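Q: First the structure, which I've put down as structure tokens, then a few questions once you've had a look.
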Amino acid sequence: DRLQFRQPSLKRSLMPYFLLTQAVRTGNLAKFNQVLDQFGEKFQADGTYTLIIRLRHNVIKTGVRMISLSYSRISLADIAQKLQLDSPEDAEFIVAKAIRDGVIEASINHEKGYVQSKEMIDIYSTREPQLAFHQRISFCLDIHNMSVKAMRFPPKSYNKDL
Amino acid sequence: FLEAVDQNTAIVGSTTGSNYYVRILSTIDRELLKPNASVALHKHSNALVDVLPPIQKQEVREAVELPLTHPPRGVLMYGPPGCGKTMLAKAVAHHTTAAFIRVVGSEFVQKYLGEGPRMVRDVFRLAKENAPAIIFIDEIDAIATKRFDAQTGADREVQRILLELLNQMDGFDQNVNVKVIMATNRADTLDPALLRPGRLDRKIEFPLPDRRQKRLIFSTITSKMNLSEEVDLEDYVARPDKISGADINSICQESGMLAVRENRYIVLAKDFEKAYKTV
Amino acid sequence: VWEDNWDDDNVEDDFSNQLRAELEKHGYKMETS
Amino acid sequence: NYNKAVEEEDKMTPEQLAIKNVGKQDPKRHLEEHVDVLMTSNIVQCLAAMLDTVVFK
Amino acid sequence: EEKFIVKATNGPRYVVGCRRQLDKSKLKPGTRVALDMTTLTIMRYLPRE
Amino acid sequence: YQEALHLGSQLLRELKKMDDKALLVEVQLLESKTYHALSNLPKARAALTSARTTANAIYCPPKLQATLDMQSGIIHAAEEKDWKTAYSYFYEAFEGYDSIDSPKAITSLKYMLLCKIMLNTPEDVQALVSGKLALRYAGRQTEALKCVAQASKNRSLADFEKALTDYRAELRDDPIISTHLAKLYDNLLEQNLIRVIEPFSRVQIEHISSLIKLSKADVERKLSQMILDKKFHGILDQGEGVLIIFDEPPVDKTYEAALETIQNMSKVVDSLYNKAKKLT
Amino acid sequence: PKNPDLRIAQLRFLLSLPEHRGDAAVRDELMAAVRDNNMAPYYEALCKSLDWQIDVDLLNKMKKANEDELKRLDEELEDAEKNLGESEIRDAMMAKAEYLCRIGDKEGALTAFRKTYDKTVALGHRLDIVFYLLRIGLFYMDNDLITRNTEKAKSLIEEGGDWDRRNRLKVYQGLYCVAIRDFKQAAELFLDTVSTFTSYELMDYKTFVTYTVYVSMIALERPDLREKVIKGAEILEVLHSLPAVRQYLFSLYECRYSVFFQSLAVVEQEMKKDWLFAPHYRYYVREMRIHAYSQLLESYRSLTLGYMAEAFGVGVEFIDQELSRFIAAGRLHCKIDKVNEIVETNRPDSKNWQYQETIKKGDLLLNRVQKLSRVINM
Amino acid sequence: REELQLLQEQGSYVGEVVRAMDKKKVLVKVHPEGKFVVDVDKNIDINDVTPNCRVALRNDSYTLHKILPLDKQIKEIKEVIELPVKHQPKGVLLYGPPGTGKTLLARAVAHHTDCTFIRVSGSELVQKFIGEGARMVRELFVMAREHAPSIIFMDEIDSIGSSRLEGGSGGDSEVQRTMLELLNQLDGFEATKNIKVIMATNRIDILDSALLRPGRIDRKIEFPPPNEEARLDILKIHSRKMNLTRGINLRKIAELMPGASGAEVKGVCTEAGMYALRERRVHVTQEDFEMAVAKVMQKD
């Protein structure tokens, strides 16, 4: 939002877009869907409503991305009902699409109908550390090593004339 | 080490007294070029590697411990009848946990007139750098005697050192981590330059053999202990006018040491006259 | 410091729609929840 | 501890180096000593492969 | 603790090391010791009287 | 106690110059009493020192002299610096309150058994309650002290709670030293907790709380408070009750490394200031 | 200025926004408007006041009294001028600047405090002028104008810190440090509260303690409180003024949320409706809640919903979203466990993360030495 | 490593040449059991080596290397001191209580004038650093010629001990004669301006100075301790050091300090700061000065 700029122009220009530009983070479909068209005049009357008609379907993608930055495992009632989406199909499908990315890990379980999960997202601390930050040591020593070359060559470019 | 004549070359005095001229080594920086330092050469190469490293209690309390942590310095005392100078020096020495430099007032009277500023400069530099040392200078009457002749020039030299520290305390008036307490028995022979206001802001005075404080100390010394109607103070205050004495409170304590034998419950004139004739 | 204004604006602006204070409501939510 | 004991003065070096820039007064180099510290620190790197050979075979 | 300062009777002072045979028992200061002309090693101490 | 101490102090500012300084002993004694009521030790030591330099030449009746020693022992007993000197002040105070008032004597010996029971020695308590001298001043007050000494020599806790439960109707009017009594209760509690938990790395909470037959609420709160104080290595648990003890010896590594990084950041930034100054 | 018109005119914040408490503020504002020449402040803030029926009555008298006192100060200034003296002209122009601060005009007071700012014979009087600009800078809530004169007049003292002068500048440091969100450096400012006294100029002693109890109660941890305030006799003496502070201190240090949440509404209502302490009321709430959650969650590894719900006295549905928002947003501990409806964390932040605290300076330092490579040859 | 043989040389001695001989064989005074006469090395000349100086001599080659080594009073004093500066009086004196105003005035006006301050300071370290032997009054005028702005003031002799009139007439008449011939030089001729002297005496020797100066060349600025304004100005001097408020009246508090002398005001201030810090204030008030006046007048 507006943090480092203090002027009484962007405030009044941003007042109609403020409630919705903050409403994007929470990502409520049914309520904010009516809130937009309720008082929406200028930001939707800007023309052809292209980016906002794509935003109405982008609310669920920004919300599931907020879930990607949030807890990884998905429940059947708490977070599925919280996200206004009670469907074990696209839930496990999208979560699986987040597992195949490689940035996080998850699992699926079915005992009595509910989706269980061990939710062990413990960091690599005391869990294969050498393989964890081995490439970190090699890469950091390569960049710092070519930085050593970058502090050895300029002295040559200094003593080259004298 | 004696002196440094130029860069990368100096002279060095041997232990036997003979001065040696040896070029210093280039690795040693200029930090080891201190004139008064403990340099160490080699036995054969004669090269240096590194140097070796060489109301009274209320006024005293509020005048010492309050300006130390939170500020006039100096609690100069007086009074030849009482001994003093120990219960307050040890009282501050045990109440506050800091450094204490107790030295006799004639500690810088030696055969070398140049050693004075070195000794008082070392004591003052460890008192300003080591810890907030409370230096106790006692009996300044011996060093407070002026002189003009040249035969006794050592006393005039060490009193010129007394003026040197008299200026160094002017430099140590504000924002210094040191306390200079002082004690003496005779203030008549003291020069007015030492007792000048702004230097010793505390003139703490103790009671005296004077008859007013003797009568007040008799009344306050008979207020606490048990008394009787036979005890009279008129003869016991007129007789001390004929036979004069000091430390009468200690004589009353002796009367307590003669009536403490658990033989009589209430002390009377028998132990008073007995204490007068014995002690 | 504008660095803290991101979190203070995040939670402050996030609660601007509803349940802004919510501290006065706990006294009524103790007996009901 | 010695490295920090030199860096406490190396924090004061950019002032003089930012004022005079003419002539050198301190005979200390402050560089070859740290290079020697790195030489003493490279024993871990050189012996790490030794432990890798002892553990391996 | 390994190397200390000695004071010779003649007046000049020196510094010596520690010998592998002796220990730190008699090495403490305040005890008169003995030295050697070669390498200034320490054979044994010298009790005062 | 604020306006009384301030008005009394301003009264002292104009009464120290007035004659008959013996009257100042009462208002300075009450000054120390209200400084202890406000829990202020340094100013009670300064004003107490004023009472000493005032009562050094003044020799008022021992009605005020013994109270200076008793209140001095209370001030020294508030910080728990040395119990021997404070015990000497309560001893001289008891010598001052001897055979002059029954409540003042029973509270004088009560303060003696208090400052002496704080140092964990019940043998002298039995020696003082067995003598014929202090036996005539015994009563309902010394019974609670005999129960505290019995619980201290027996190393019991539920018995001490019984002494704090049955005798609370003479412990209801207890002075500010109640915090010190709770410090002794928490001291024996600390001894038992570091006694039974230390050999048990991981044990049931009821198997170790059964011997003490007390609830886990106060014990759990005191334990969690002591881990939050970081006096030892340990952590509590509610769902499973698992006790885990661990430590991190190499502390001097991350501190020196972090100091090297923070100190070198200023070096690189200053270098960028010299180059940024010499270039543009 | 130092007159009570700073506080009476300072209540305009609670006079403006809330309509319930806007009766007493206009009561003592309208009643106290005949004091300290309050014409210009309430005339400028007349939009948040009553109608113009009674407003135009006293304006004719205040506008002529202002001109009378102004021309009398000008006559005294002309009588003090063209004469040998330094303190007389400084007292004339300084008094004129004080009256111009009473009316609330920083133009003639700006050039007046600039002239007497240039006629400062000593640095102490210059710092007194700086304070004379700070007492009005609190009302004008300016940012840089109050830090410029203190940044320039801060160095080169050479006369030592006085009892209430340097301590007064420390109080100002408490003011601008409470206004800003800087706490780790403001937790050391109020240590000299022993030398403080009742100062009707800026803030009363009870208002200073009431204002510092928030930054000290929240901005400090348990060892910092036990060392600073619990060991000190200051709060032990001043706790008897209001019994609530003792409840909010022994309840927080005692970890009793049952009374803390029931009595926290007084902290919520009293936290706002203040001149300088209201706009930051959201940071103390969240920071104190995450501080208490880190306090109880620090010594507790696993926590069931029974002891937590009974301890805090609130429903599980609220703490669920609380921890849900404070794990990702707050970033206080590791992943939470919910397999058995029991909060169970691991927190491996000591062994490996204690060494990993330097990877941030390693990456930022890596970009900084990449910039160092950018400086090469260009 | 080439110098390692010079390290093996067992060091070198420190020679001190005392007498040079015309036969190119200069004798050098060395450590006892020394006194080794020898010719210097060929690369060093002989005439440059001056006797009575220490040199560097090797222990085996015996070759030489190189040579070795108050508004009421400033309103009146501005026309005396400040007249040759921004606007001639030969001297001025201020006799009275030696509390304040004798040195802080000379160093205060001399500090606002941006001129140096030179003392007499009759002792060692000044009869050798400034000249070897002379009348001890012309060399100070040569230093006063190189440094024209200067303020001379007698401070070490200003004491109440000179009240015998038998030995103090001659012993005091040494410095009185010193300023007699100094005023004879200033009255005789001058090469530069800003050359003035200030007298200071606390006892009858002021009247003796009136016998030596029968009202011919002198400035009279008297500081009486009974006078009131003489307590207002010196009380302002006592107020410039410590913190003082602006709403204080110095008239009555400056009038309620009678009796012994002007140092009683210094007793009021020094014994008043303990009540200023005792009252936990930042500055001393008039009521504090009144209570200090009581505390210093009840002892009399």
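Each chain in the structure tokens gets a letter, A, B and so on, in the order shown; residues start at 1 in every chain, and ligands are counted from 1 in the order they appear.
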Select from range 75-283 of chain H everything DSSP, run on the backbone, classes as alpha helix (DSSP H), then give the selection as a ChimeraX atom specification.
A: /H:75-77,104-112,139-146,168-188,205-212,229-241,250-255,263-270,273-278
Q: If we count only C-alpha atoms, which residues of chain G reach to within 12 Å of chain B? Please list them as an MDAnalysis selection string.
A: chainID G and resid 158:163 192 194:195
Q: Please write the residues from the selection above to a file, keeping N, CA, C and O atoms, as a compact mmCIF listing (two decimals), in the first residue's frame.
A:
```
# COMPACT_ATOMS: atom_id res chain seq x y z
N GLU G 158 29.82 20.40 26.89
CA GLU G 158 31.01 20.75 27.67
C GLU G 158 30.69 21.30 29.06
O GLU G 158 31.61 21.71 29.78
N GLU G 159 29.42 21.32 29.46
CA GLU G 159 29.03 21.82 30.77
C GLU G 159 28.41 20.74 31.64
O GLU G 159 27.97 21.03 32.76
N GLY G 160 28.35 19.50 31.16
CA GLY G 160 27.80 18.41 31.93
C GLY G 160 26.28 18.42 31.97
O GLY G 160 25.62 19.44 31.77
N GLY G 161 25.72 17.24 32.24
CA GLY G 161 24.28 17.08 32.32
C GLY G 161 23.70 17.57 33.63
O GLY G 161 24.11 17.11 34.70
N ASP G 162 22.75 18.50 33.56
CA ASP G 162 22.15 19.06 34.76
C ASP G 162 21.14 18.08 35.36
O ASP G 162 21.00 16.94 34.92
N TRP G 163 20.43 18.54 36.39
CA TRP G 163 19.50 17.67 37.09
C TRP G 163 18.17 17.54 36.36
O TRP G 163 17.62 16.44 36.26
N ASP G 192 16.37 7.31 34.15
CA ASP G 192 16.65 8.43 35.04
C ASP G 192 15.39 9.04 35.65
O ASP G 192 15.39 10.22 36.00
N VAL G 194 14.27 8.76 38.47
CA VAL G 194 14.45 9.12 39.87
C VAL G 194 14.62 10.63 40.01
O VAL G 194 14.09 11.24 40.96
N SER G 195 15.33 11.26 39.08
CA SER G 195 15.57 12.70 39.12
C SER G 195 14.41 13.51 38.56
O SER G 195 14.47 14.75 38.61
```
Q: So that I can see what lies close to residue 18 in chain E, please list as a PyMOL selection string the residues with an atom at most 9 Å from it, counting only C-alpha atoms and leaving out residues fewer than 6 positions away in the same chain.
A: chain E and resi 1-4+24+27+41-42
Q: Kindly assemble as JSON lines a list of the range 16-82 of chain A residues that lie within 9 Å of range 16-22 of chain C, each paired with its nearest atom pair and their distance in Å to one decimal, using only C-alpha atoms, sorted first by chain and then by ascending residue number.
A:
```
{"residue": "A:19", "atom": "CA", "partner": "C:17", "partner_atom": "CA", "distance": 7.5}
{"residue": "A:22", "atom": "CA", "partner": "C:17", "partner_atom": "CA", "distance": 8.8}
{"residue": "A:23", "atom": "CA", "partner": "C:17", "partner_atom": "CA", "distance": 8.3}
```
Q: Once you have the residues from the selection above, write them out as a PDB file, in the first residue's frame, restricted to N, CA and C atoms.
A:
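The result, written out as again-v2.pdb:
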```pdb
ATOM      1  N   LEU A  19     -10.775  -0.255  -0.375  1.00  0.00           N
ATOM      2  CA  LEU A  19     -11.447  -1.357   0.308  1.00  0.00           C
ATOM      3  C   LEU A  19     -11.300  -2.662  -0.463  1.00  0.00           C
ATOM      4  N   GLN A  22      -7.506  -3.915  -0.481  1.00  0.00           N
ATOM      5  CA  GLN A  22      -7.249  -4.641   0.754  1.00  0.00           C
ATOM      6  C   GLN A  22      -8.092  -5.904   0.855  1.00  0.00           C
ATOM      7  N   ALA A  23      -9.271  -5.911   0.229  1.00  0.00           N
ATOM      8  CA  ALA A  23     -10.132  -7.086   0.221  1.00  0.00           C
ATOM      9  C   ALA A  23      -9.576  -8.226  -0.622  1.00  0.00           C
TER      10      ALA A  23
END
```
Q: Enumerate the residues of range 37-146 of chain B with a DSSP assignment of strand (DSSP E), computed from the backbone, and present them as a count of residues only.
A: 10
Q: What's around residue 76 in chain H at 8 Å? Count only C-alpha atoms, leave out sequence neighbours fewer than 4 positions away in its own chain, and write the answer as an MDAnalysis selection string.
A: chainID H and resid 72 80 221
Q: Using the selection just defined, write its residues with C-alpha atoms as an mmCIF file, in the first residue's frame.
A:
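Saved as again35.cif:
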```
data_model
loop_
_atom_site.group_PDB
_atom_site.id
_atom_site.type_symbol
_atom_site.label_atom_id
_atom_site.label_comp_id
_atom_site.auth_asym_id
_atom_site.auth_seq_id
_atom_site.Cartn_x
_atom_site.Cartn_y
_atom_site.Cartn_z
ATOM 1 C CA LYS H 72 29.879 47.252 38.070
ATOM 2 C CA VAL H 80 41.171 50.804 31.191
ATOM 3 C CA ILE H 221 38.775 50.580 41.360
#
```
Q: Up to 10 Å from chain F, what residues of chain G turn up? Count only C-alpha atoms and give them as JSON, numbers by chain.
A: {"G": [222, 223, 226, 231, 232, 233, 234, 235, 236, 237, 238, 239, 240, 241, 253, 254, 255, 295, 296, 298, 299, 300, 301, 302, 303, 304, 305, 306, 307, 308, 340, 341, 342, 343, 344, 350, 351, 354, 355, 356, 357, 358, 361, 362, 364, 365, 368, 369, 371, 372, 375, 378]}
Q: Could those selected residues go to a file with N, CA and C atoms, as a short mmCIF file (atom, residue, chain, number, x, y, z; two decimals), in the first residue's frame?
A:
```
data_model
loop_
_atom_site.label_atom_id
_atom_site.label_comp_id
_atom_site.auth_asym_id
_atom_site.auth_seq_id
_atom_site.Cartn_x
_atom_site.Cartn_y
_atom_site.Cartn_z
N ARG G 222 10.80 -10.31 30.34
CA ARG G 222 10.77 -10.60 31.77
C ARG G 222 12.09 -10.29 32.46
N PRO G 223 13.25 -10.68 31.91
CA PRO G 223 14.51 -10.27 32.56
C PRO G 223 14.73 -8.77 32.55
N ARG G 226 12.50 -7.49 35.38
CA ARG G 226 13.03 -7.91 36.68
C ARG G 226 14.31 -7.15 37.03
N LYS G 231 13.33 -4.68 40.15
CA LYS G 231 14.39 -4.44 41.13
C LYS G 231 14.37 -3.00 41.62
N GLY G 232 14.00 -2.06 40.76
CA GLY G 232 13.93 -0.67 41.17
C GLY G 232 12.71 -0.39 42.02
N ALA G 233 12.84 0.60 42.90
CA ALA G 233 11.77 1.01 43.80
C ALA G 233 10.84 2.04 43.19
N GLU G 234 11.05 2.43 41.93
CA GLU G 234 10.22 3.47 41.32
C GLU G 234 8.78 2.99 41.15
N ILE G 235 8.59 1.88 40.44
CA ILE G 235 7.24 1.35 40.27
C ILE G 235 6.70 0.83 41.59
N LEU G 236 7.59 0.43 42.51
CA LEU G 236 7.15 -0.02 43.82
C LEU G 236 6.58 1.13 44.64
N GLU G 237 7.05 2.36 44.40
CA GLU G 237 6.51 3.52 45.09
C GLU G 237 5.29 4.08 44.37
N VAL G 238 5.31 4.11 43.03
CA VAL G 238 4.24 4.74 42.28
C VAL G 238 3.09 3.79 41.95
N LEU G 239 3.18 2.52 42.34
CA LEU G 239 2.07 1.61 42.09
C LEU G 239 0.86 1.92 42.97
N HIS G 240 1.07 2.60 44.10
CA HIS G 240 -0.03 2.92 45.01
C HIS G 240 -0.93 4.02 44.48
N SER G 241 -0.51 4.75 43.45
CA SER G 241 -1.36 5.81 42.89
C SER G 241 -2.59 5.22 42.22
N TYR G 253 3.15 -10.45 34.45
CA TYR G 253 4.31 -11.18 34.96
C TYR G 253 3.90 -12.51 35.58
N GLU G 254 2.67 -12.60 36.09
CA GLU G 254 2.17 -13.83 36.68
C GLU G 254 1.51 -14.75 35.65
N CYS G 255 1.31 -14.28 34.42
CA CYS G 255 0.74 -15.07 33.33
C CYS G 255 -0.68 -15.54 33.67
N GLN G 295 5.62 -15.60 25.06
CA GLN G 295 5.98 -15.82 26.46
C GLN G 295 5.45 -17.16 26.95
N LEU G 296 4.16 -17.41 26.77
CA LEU G 296 3.58 -18.68 27.21
C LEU G 296 4.04 -19.83 26.31
N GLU G 298 6.83 -20.02 24.77
CA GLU G 298 8.27 -20.25 24.87
C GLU G 298 8.57 -21.44 25.77
N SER G 299 8.06 -21.43 27.00
CA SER G 299 8.30 -22.51 27.95
C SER G 299 7.40 -23.71 27.74
N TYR G 300 6.51 -23.68 26.75
CA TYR G 300 5.57 -24.77 26.49
C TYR G 300 5.79 -25.28 25.08
N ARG G 301 6.13 -26.57 24.96
CA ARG G 301 6.36 -27.16 23.65
C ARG G 301 5.05 -27.60 23.01
N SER G 302 4.30 -28.45 23.69
CA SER G 302 3.00 -28.91 23.23
C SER G 302 1.91 -28.36 24.14
N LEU G 303 0.78 -28.00 23.55
CA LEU G 303 -0.32 -27.36 24.28
C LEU G 303 -1.64 -27.89 23.76
N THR G 304 -2.42 -28.51 24.63
CA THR G 304 -3.75 -28.97 24.27
C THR G 304 -4.74 -27.81 24.27
N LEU G 305 -5.86 -28.01 23.58
CA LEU G 305 -6.88 -26.97 23.49
C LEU G 305 -7.65 -26.80 24.79
N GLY G 306 -7.61 -27.79 25.68
CA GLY G 306 -8.32 -27.67 26.94
C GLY G 306 -7.65 -26.69 27.89
N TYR G 307 -6.36 -26.91 28.17
CA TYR G 307 -5.64 -26.01 29.06
C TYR G 307 -5.47 -24.62 28.45
N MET G 308 -5.39 -24.54 27.12
CA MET G 308 -5.28 -23.25 26.46
C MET G 308 -6.61 -22.50 26.49
N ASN G 340 -4.17 -34.23 16.55
CA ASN G 340 -4.97 -34.64 17.70
C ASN G 340 -5.62 -33.44 18.40
N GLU G 341 -5.81 -32.33 17.68
CA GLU G 341 -6.36 -31.10 18.24
C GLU G 341 -5.53 -30.62 19.43
N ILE G 342 -4.20 -30.67 19.28
CA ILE G 342 -3.27 -30.25 20.32
C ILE G 342 -2.14 -29.48 19.64
N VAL G 343 -1.95 -28.23 20.05
CA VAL G 343 -0.87 -27.41 19.49
C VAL G 343 0.47 -27.99 19.94
N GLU G 344 1.24 -28.50 18.98
CA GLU G 344 2.53 -29.12 19.26
C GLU G 344 3.55 -28.59 18.26
N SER G 350 17.49 -22.92 17.68
CA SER G 350 18.72 -22.73 18.43
C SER G 350 19.92 -23.40 17.78
N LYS G 351 19.86 -24.72 17.59
CA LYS G 351 21.05 -25.48 17.20
C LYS G 351 21.54 -25.07 15.82
N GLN G 354 20.78 -20.93 15.08
CA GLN G 354 21.71 -20.04 15.76
C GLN G 354 22.94 -19.79 14.89
N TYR G 355 23.38 -20.80 14.15
CA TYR G 355 24.43 -20.61 13.16
C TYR G 355 23.90 -20.04 11.85
N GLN G 356 22.62 -20.24 11.55
CA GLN G 356 22.01 -19.73 10.33
C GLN G 356 21.52 -18.29 10.47
N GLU G 357 21.78 -17.63 11.60
CA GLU G 357 21.40 -16.23 11.74
C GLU G 357 22.26 -15.31 10.88
N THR G 358 23.39 -15.80 10.37
CA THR G 358 24.30 -15.00 9.57
C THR G 358 24.11 -15.20 8.07
N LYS G 361 22.98 -11.86 6.43
CA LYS G 361 24.11 -10.99 6.18
C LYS G 361 25.06 -11.57 5.14
N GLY G 362 25.01 -12.89 4.92
CA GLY G 362 25.82 -13.52 3.90
C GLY G 362 25.25 -13.31 2.51
N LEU G 364 22.92 -10.74 1.74
CA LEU G 364 22.96 -9.30 1.51
C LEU G 364 24.40 -8.82 1.33
N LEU G 365 25.34 -9.40 2.08
CA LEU G 365 26.75 -9.11 1.86
C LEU G 365 27.22 -9.66 0.52
N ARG G 368 26.17 -7.18 -1.86
CA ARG G 368 26.97 -5.98 -1.65
C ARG G 368 28.36 -6.12 -2.27
N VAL G 369 28.94 -7.32 -2.22
CA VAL G 369 30.21 -7.54 -2.90
C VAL G 369 30.02 -7.75 -4.39
N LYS G 371 27.88 -5.73 -5.91
CA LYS G 371 27.98 -4.30 -6.20
C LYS G 371 29.43 -3.84 -6.18
N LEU G 372 30.23 -4.39 -5.26
CA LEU G 372 31.66 -4.11 -5.26
C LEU G 372 32.30 -4.54 -6.57
N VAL G 375 31.48 -1.83 -9.09
CA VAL G 375 32.33 -0.65 -9.02
C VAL G 375 33.63 -0.86 -9.79
N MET G 378 34.26 0.80 -13.40
CA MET G 378 33.19 1.74 -13.70
C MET G 378 32.65 2.40 -12.43
#
```
Q: Would you give me, as JSON lines, each residue of chain F having an atom within 9 Å of an atom of chain D, along with its shortest atom pair and that distance in Å to one decimal, using only C-alpha atoms and sorting by chain and residue number?
A:
```
{"residue": "F:256", "atom": "CA", "partner": "D:1", "partner_atom": "CA", "distance": 7.6}
{"residue": "F:259", "atom": "CA", "partner": "D:4", "partner_atom": "CA", "distance": 7.9}
{"residue": "F:260", "atom": "CA", "partner": "D:4", "partner_atom": "CA", "distance": 6.7}
{"residue": "F:263", "atom": "CA", "partner": "D:7", "partner_atom": "CA", "distance": 7.3}
{"residue": "F:264", "atom": "CA", "partner": "D:7", "partner_atom": "CA", "distance": 7.9}
{"residue": "F:266", "atom": "CA", "partner": "D:11", "partner_atom": "CA", "distance": 7.6}
{"residue": "F:267", "atom": "CA", "partner": "D:11", "partner_atom": "CA", "distance": 6.8}
{"residue": "F:270", "atom": "CA", "partner": "D:14", "partner_atom": "CA", "distance": 7.0}
{"residue": "F:271", "atom": "CA", "partner": "D:14", "partner_atom": "CA", "distance": 8.1}
{"residue": "F:274", "atom": "CA", "partner": "D:18", "partner_atom": "CA", "distance": 7.4}
```
Q: Measure the distance from CA of residue 180 in chain F to CA of residue 190 in chain G in Å and round it to one decimal.
A: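 Pair CA of residue 180 in chain F / CA of residue 190 in chain G returns 29.4 Å.
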Q: What does the structure give for the distance between CA of residue 297 in chain G and CA of residue 10 in chain C, in Å to one decimal?
A: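 If I compute the distance from CA of residue 297 in chain G to CA of residue 10 in chain C, I get 23.7 Å.
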Q: So that I can check the surroundings of residue 25 in chain A, please list as a list in words every protein, DNA and RNA residue that reaches within 12 Å of it, counting only C-alpha atoms and ignoring chain neighbours fewer than 2 positions away.
A: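 So, after excluding close chain neighbours, the residues are residues 1, 18, 19, 20, 21, 22, 23, 27, 28, 29, 32, 58, 59, 60, 61, 62, 63, 64, 65, 66 and 67 of chain A; 10, 11, 13, 14, 15 and 17 of chain C.
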Q: With a cut-off of 10 Å, could you pull out the residues of chain D touching chain B and give me the nearest pair of atoms for each, distance in Å to one decimal, using only C-alpha atoms, ordered by chain and ascending number, as CSV?
A:
```
residue,atom,partner,partner_atom,distance
D:25,CA,B:30,CA,9.3
D:26,CA,B:29,CA,7.6
D:27,CA,B:29,CA,5.5
D:28,CA,B:29,CA,7.1
```
Q: Those same residues - C-alpha atoms - I'd like them written as an mmCIF file, in the first residue's frame.
A:
```cif
data_model
loop_
_atom_site.group_PDB
_atom_site.id
_atom_site.type_symbol
_atom_site.label_atom_id
_atom_site.label_comp_id
_atom_site.auth_asym_id
_atom_site.auth_seq_id
_atom_site.Cartn_x
_atom_site.Cartn_y
_atom_site.Cartn_z
ATOM 1 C CA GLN D 25 52.280 6.754 10.262
ATOM 2 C CA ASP D 26 51.356 3.327 11.671
ATOM 3 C CA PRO D 27 54.089 0.726 10.972
ATOM 4 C CA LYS D 28 51.476 -2.047 11.239
#
```
Q: Might you pull out every residue within 7 Å of range 110-112 of chain F, with only C-alpha atoms counted and same-chain residues fewer than 4 positions away left off, and present them as a JSON list (two decimals) with N, CA, C and O atoms, in the first residue's frame?
A:
```
[["chain", "number", "residue", "atom", "x", "y", "z"],
["F", 87, "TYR", "N", 20.48, -10.58, 62.16],
["F", 87, "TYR", "CA", 20.16, -11.31, 63.39],
["F", 87, "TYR", "C", 20.72, -10.60, 64.61],
["F", 87, "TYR", "O", 20.14, -10.67, 65.70],
["F", 90, "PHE", "N", 18.27, -7.71, 65.26],
["F", 90, "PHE", "CA", 17.07, -8.21, 65.94],
["F", 90, "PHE", "C", 17.38, -8.68, 67.35],
["F", 90, "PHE", "O", 16.50, -8.66, 68.22],
["F", 91, "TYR", "N", 18.63, -9.09, 67.61],
["F", 91, "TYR", "CA", 19.01, -9.48, 68.96],
["F", 91, "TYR", "C", 19.08, -8.27, 69.88],
["F", 91, "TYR", "O", 18.55, -8.29, 70.99],
["F", 106, "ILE", "N", 6.77, -10.48, 72.00],
["F", 106, "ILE", "CA", 6.43, -11.67, 71.23],
["F", 106, "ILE", "C", 6.68, -11.45, 69.75],
["F", 106, "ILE", "O", 7.01, -12.39, 69.02],
["F", 116, "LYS", "N", 16.04, -15.87, 61.72],
["F", 116, "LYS", "CA", 16.86, -17.05, 61.96],
["F", 116, "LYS", "C", 16.29, -18.31, 61.31],
["F", 116, "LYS", "O", 17.05, -19.24, 61.03],
["F", 142, "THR", "N", 3.98, -18.02, 68.46],
["F", 142, "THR", "CA", 5.14, -18.89, 68.32],
["F", 142, "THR", "C", 4.77, -20.30, 67.87],
["F", 142, "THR", "O", 5.67, -21.05, 67.47]]
```
Q: Listing only residues of chain H within 12 Å of chain F, what is the closest atom pair and its distance in Å (to one decimal) for each, using only C-alpha atoms, sorted by chain and residue number ascending, as CSV?
A:
```
residue,atom,partner,partner_atom,distance
H:275,CA,F:13,CA,9.4
H:276,CA,F:13,CA,12.0
H:278,CA,F:13,CA,9.3
H:279,CA,F:13,CA,8.7
H:280,CA,F:10,CA,11.9
H:288,CA,F:13,CA,11.4
H:291,CA,F:14,CA,9.7
H:292,CA,F:17,CA,11.5
H:294,CA,F:17,CA,9.9
H:295,CA,F:17,CA,8.7
H:298,CA,F:17,CA,10.4
```
